[PDB]
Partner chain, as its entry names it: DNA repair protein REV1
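One chain comes next, on its own, written as structure tokens: the form solved without the partner chain.
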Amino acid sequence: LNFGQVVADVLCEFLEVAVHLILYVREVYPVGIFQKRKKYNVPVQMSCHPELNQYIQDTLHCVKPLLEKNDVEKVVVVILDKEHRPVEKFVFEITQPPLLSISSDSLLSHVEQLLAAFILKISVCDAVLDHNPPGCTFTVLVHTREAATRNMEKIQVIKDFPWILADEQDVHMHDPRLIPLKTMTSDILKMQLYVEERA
């Protein structure tokens, strides 16, 4: 029984709710494709668009074995303008502790209450961010840890869904404004979520 995979599974489920919500509150897509729902006992917005939904799953399906190996240091939802320049980064900094501790108190009730706080902060972040320009799009950047091997082999999990190395323009953001959202430390997961925004 591999608890590093349990942790990968909680993170991928949560990262899916979180991408969907980010796309909502940053209005990356039209509002009508979203349905209000509850996850982590808290309101969220999930897209009902089939291929957007398939694209987010394929992305996260590819990330998940790196998560199970603790080989991922950040997962970044980056939002691009009509000119392919980053306007916002949503940085999920993730580290499993050196040894996972698994309580029988209620391991998953608790991590879910801690994840719920990340969702709530995402909801109210449009109260402090500048409205995005029209025609913005998104992508997902994965930063791996230094002792990680042939990531571009381990990460290509899905048949016709290649991964590449990003360019400097994909990620360039000279002197951004930093917006912390939430931080958690659990026996299984240390996670930071903050937003970098273009000056």
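Numbering follows the first chain given and starts at 1. By rigid core we mean the largest C-alpha set that fits within 1.5 Å across both forms.
As for the form solved in complex with the partner chain, it is not shown, yet the points below apply to it.
Q) Would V42 sit within 4.5 Å of the partner chain in the deposited complex, counting heavy atoms only? A) Contact check for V42: no, nothing within 4.5 Å of the partner chain in the deposited complex.
Q. What residues, if any, in 133 to 158 have a non-hydrogen atom within 4.5 angstroms of the partner chain in the deposited complex?
A. Stretch hits, in order: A147, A148, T149, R150, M152, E153, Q156.
Q: Compare C-alpha positions between this form and the one not shown after fitting on the rigid core and state which of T137, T149, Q35, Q54 moves by at least 2 angstroms.
A: Comparing the C-alpha positions, the one residue that moves 2 Å or more is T149.
Q) Your call: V140 and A147 CA atoms, closer or farther in the deposited complex versus the shown structure, by 3 Å or more? A) Compared with the form shown here, the C-alpha atoms of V140 and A147 sit closer together in the deposited complex, by 3 Å or more.
Q | Shift in CA distance, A147 and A166, in the deposited complex relative to the form shown here, given it is 3 Å or more | A | They are closer; the C-alpha distance drops by 3 Å or more in the deposited complex.
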